[PDB]
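A short write-up of the structure that comes next.
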Amino acid sequence: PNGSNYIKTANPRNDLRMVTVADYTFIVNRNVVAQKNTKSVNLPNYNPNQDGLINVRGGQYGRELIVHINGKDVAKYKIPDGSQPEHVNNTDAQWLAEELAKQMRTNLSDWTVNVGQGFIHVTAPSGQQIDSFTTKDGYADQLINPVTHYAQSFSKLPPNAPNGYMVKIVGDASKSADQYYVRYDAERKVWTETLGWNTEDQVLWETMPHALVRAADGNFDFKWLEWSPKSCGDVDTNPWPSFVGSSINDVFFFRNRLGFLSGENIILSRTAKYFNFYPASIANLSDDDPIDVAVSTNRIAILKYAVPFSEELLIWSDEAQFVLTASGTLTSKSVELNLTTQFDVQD
Amino acid sequence: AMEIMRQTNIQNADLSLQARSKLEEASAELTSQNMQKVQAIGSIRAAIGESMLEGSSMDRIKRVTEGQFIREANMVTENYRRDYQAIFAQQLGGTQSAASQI
Amino acid sequence: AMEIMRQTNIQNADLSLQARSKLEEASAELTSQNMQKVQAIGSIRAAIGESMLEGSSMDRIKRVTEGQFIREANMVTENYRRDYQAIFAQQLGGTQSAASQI
Amino acid sequence: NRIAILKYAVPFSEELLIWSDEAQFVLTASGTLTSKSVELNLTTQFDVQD
Amino acid sequence: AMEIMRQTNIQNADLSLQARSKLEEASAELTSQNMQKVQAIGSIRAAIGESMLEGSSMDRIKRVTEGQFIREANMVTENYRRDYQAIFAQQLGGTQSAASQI
């Protein structure tokens, strides 16, 4: 299935190095480098600008509403400050939204306007974006929160949202520590972190290690393992694996995690799921995160081979041998590399 | 009577704003318990992946702690719903007394 | 009515003074969390600089703790903004009731 | 790392030993034997027969 | 007098709703102490089964901790019953004062 191109080489022996763990014996070609697949981006050019969610919150009775659309006021309605018990409808969420949204339609149809139990959504104008979105209704904007796609914290994210959306919560631009992308899924009221704008989620696959597996029918299938999609926001925050430029030099099952010894990096896949190499989640450390580490030492050292052993993998490199040891749960937190011997090795 | 209707309706809108605040801080509580849950279940996966136990009973212990956190979330959302019942019924009773005086 | 407007305006200025005190004590809270953040991120550098791990995943953990502090700062400033909404709306409603009686 | 049938077992005292066709593993827990503390170790590699 | 009886009866129904909430949160407390009790008595069996002491004295210690938790449950239900006495007697006294004024 999926070809047999990866196996081929002029000298099969030197190049094809492999490991075996029952169901799937992983065959990894030293020779062929990986490539990021840029023809399959998830978000092509998410138009951050086009859509704004007019939050639907409490009216506060008399405080009138002015909501600029694209920086131009078209949304003006003042709540009927009428005592009548019937008049009290003047402030409920759905009705207030209707008042405001039909009014948006009147000014221009380029942007389509909608009503949701919790929101009013502007469909992107076909060519013209919201140049600027702002609103000052009521004294503290306690009726409508413009939410945009960028906001300050976990807070200030609207409670109900369309079946797909994107919100990037950023602490400040220079420090990217808290940046992560959140999407709202409608069926279950939940908000999840899915990859963000414009970053492809997968390596070319073919170029990555292929796997030899045995079918239930007693014949065997060469196959491309379905390496995991990153599923986290932004290229920088979820670092690309970084073995992509390099050949995958040897493959090793240290601990329980799968692992690739790359050009200078021990890229160890998330420890308990064999194929989810990219960081599992952006803003909360999970010890089941993969460990991507490079042995800098004081001399750039290619890592030639690796030997699994038991408690601690040993990494052998051309000019030194280093042991990565962690008795506690192997995690990014406890790696503890040691350089302890200095004998030489050859190819 | 007009002043009375307006005052009671302003109090009701204040209570609704209060409800909105309650829901969003409940969301901030749920998401914080989530931010704890991710670290916990990550630690659990680390443990199971490293001991070669490979067992349904381990799977059982993972499901046990997951159910722990799920019950906790259900507890906090039940707290929210009780508070909503309280504030709604309160504004209803107030409107009723005002209507009787009217 | 002059006494009434004077009294309500004095109460409003008192509330604005409360807003001033609130913002400055929020600044004292932010700067204290900063004074904790400096020590924490210093410890983290110390750790990373000493193990030769030198990795993107290693930087990832630094970014994780940095994002933690940032989130707490955001929580603090969101608390301040909610308190500001509360006090503003309170003085508004008071001025409205006084205007109706006037 | 290899599906292993478990052929025999020997009770002993503090820790049962499990003998399997291609490896021998010892399940040891000094604390109350519980799902939480099993702690299996693979420590020998001699063969056994039926 | 009709308004008075309506108001006192609404207060009484509010108190009965409070009694409902009280009983159900007492049930949530009892079940939580139960959720602690299961883990505790599981640990105790584990201990007794492990040693081979096979002692009536270890049966006695198991019964001791079980009685501990049973007394705790009896304490919480007694708290509930005292609160019920309080709220009942309170609504009764209120109805009596309203009846005297009537």
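First chain written, first letter: the chains are A, B, C, D and E, and each begins at residue 1.
The rule is simple: a residue touches a chain if its C-beta (ideal position, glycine included) is under 8 Å from a C-beta of that chain, and two chains touch if they have at least 3 such contacts.
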Intersection of contact partners for chain D and chain E: B
Distance between the centres, which are taken as Cα means, of chain D and chain B, whole angstrom: 47
Chain A and chain C: spacing of chain centres that average the CA atoms, whole Å: 29
Chain C and chain E, separation of their C-alpha mean positions in angstrom: 41
Chain B residues counted as touching two or more neighbouring chains: 3, 6, 10, 17, 28, 52
Multi-partner residues of chain D (at least 2 other chains): none
Inter-chain touch pairs (all): A-B, A-C, A-D, B-C, B-D, B-E, D-E
Of chain B, residues touching chain E in the complex: 75, 82, 89, 93, 96-97, 100
Of all residues in chain B, those that touch chain A in their complex: 1-6, 9-10, 12-13, 16-17, 20, 23-24, 27-28, 31, 35, 38-39, 41-43, 45-50, 52, 95, 99
For the chain D and chain E complex, residues of the former touching the latter: 32-34
Sites on chain A touched by chain D in the complex: 20-22, 253
In the complex with chain D, residue positions of chain B that touch it: 51-53, 55, 57-58, 60-61
